[PDB]
Every structure is written in structure tokens, then in C-alpha cells.
Amino acid sequence: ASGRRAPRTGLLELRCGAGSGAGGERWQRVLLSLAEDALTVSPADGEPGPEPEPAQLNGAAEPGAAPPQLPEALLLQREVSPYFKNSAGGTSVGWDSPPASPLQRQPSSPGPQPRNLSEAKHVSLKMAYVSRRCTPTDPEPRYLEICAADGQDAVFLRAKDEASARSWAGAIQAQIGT
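Numbering of the sequence shown is given in the authors' numbering, commencing with residue 1 and proceeding in unit increments.
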């Protein structure tokens with residue numbers, strides 16, 4: 001028992017390719033905890049408290065996912081897969097370019113340490129402003145952008161649905177339209 005008035009949340013994506021061009025985006029699924037007067041983002045997960053939770057059973061899942069791409073795992077373990085110690089040497093047998101990478105197991109079960117956002121992104125709804133942008137390609141889900149007056153913030157997300165992202169932006173504007 002801890003409060004009843006729960007804010008509306010929407011599973012949206014989060015970019016992560018800030019640099020200059022647009023050929024290296026590292027988007028990622030995240031949660032948009034939208035409150036009547038507070039927009040808090042999260043890593044598509046919840047906060048651990050006094051209420052523990054058991055592991056998650058999968059069953060059978062063999063490597064085979066081309067469409068989906070999640071970095072932070074191969075970039076670190078790059079000089080480990082292709083042997084070690086007797087791998088260095090730029091003279092011969094320089095085949096250190098694995099065309100494939102069928103390495104994926106244990107999708108969900110243990111309790112690793114999802115490090116990426118750490119702390120949520122709370123944003124007051126008494127100055128900010130939402131806006132539904134669009135992409136040059138426009139696959140389906142419209143672009144969403146919300147700026148906050150608490151340090152010139154600008155959260156860029158990309159919903160999965162069209163009506164959802166549109167209904168979300170507009171609603172974020174309803175609360176922010178105070």
C-alpha cells in the first residue's frame with residue numbers, strides 16, 4: 001500500500017547517437033512515466049524495493065536475431081572471442097574479421113546489472129513543452145520531442161505506434177498546456 005493515483009506510462013524508445021551526423025544511432029527501449037504534473041523516464045524497467053521478484057523462465061531460444069540489434073557486449077568482448085595471446089601479429093593469418101557473430105544465450109533469467117540510465121529522468125510539467133516531430137523517412141511512428149525549462153532539456157523518443165506517439169505527444173501537451 002503506497003499511493004493509488006498512478007501516473008500514465010508509455011513504452012517508448014530513446015536515441016543515443018548524439019555526435020554530428022546520423023549514421024551511428026544507438027537508440028534503446030525506455031519507459032515514459034508520464035504524470036499529471038511530472039514526466040519521468042525509465043529504462044523500460046521498475047525500481048527495486050522491499051518487494052523482491054523471482055527470475056524469469058524462457059524455455060528454448062537459439063541465436064538468430066538479425067532485425068534486433070543491442071550493443072554493449074560485443075564492443076567490450078572484442079579481443080576475447082577470437083582467442084588471445086597468440087592472436088597478435090600483423091604478418092600472416094590476419095583473419096580477425098568475423099563475418100558473423102552467433103553468440104547469444106540466456107535472454108532472461110539471472111539478475112545482471114543493467115547499466116545505462118541508472119537514474120530516471122524526472123521533468124516538471126510547469127514550463128516544459130512537447131512536440132511531435134517527423135523523420136525524413138517516416139516509417140510509421142511519428143517523432144516525439146519534449147523540451148524542459150530545467151536546464152534546457154530535450155528528450156527525443158520514437159514510439160512504435162502512429163496513433164500512440166501522436167496521442168502521447170498531444171497529451172504531454174495537454175498537461176504541459178497549463
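Here a beta-carbon is modelled for each residue, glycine too, at the ideal position from N, C-alpha and C.
Quiz item: Just reading off the beta strand (DSSP E) that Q28 is part of, what are its end residues?
Solution: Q28 to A35
Practice problem: Give the C-beta separation of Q175 and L125 to the nearest angstrom, bearing in mind that I take them to be a contact with Cβ-Cβ under 8 Å. | Solution: Cβ atoms of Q175 and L125 come within 8 Å of each other, at about 5 Å.
Quiz prompt | Proximity of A44 and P7 at Cβ, strictly below 7 Å | solution = For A44 and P7, no; Cβs fall outside 7 Å.
Quiz item: Rounded to a whole number of angstroms, what is the C-alpha to C-alpha distance between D153 and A128?
Solution: 8 Å
Practice problem: Given a cut-off of 7 Å, decide if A165 and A159 are closer than it, judged by their beta-carbon atoms. | Solution: yes
Quiz item: Is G170 helix, strand or coil when you go by DSSP?
Solution: DSSP places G170 in the helix class (H, G or I) of the three-state scheme.
Quiz prompt | CA nearest to the CA of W27, picked from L157, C134, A163 and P54 | solution = Of the residues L157, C134, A163 and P54, the one whose Cα lies closest to the Cα of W27 is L157.
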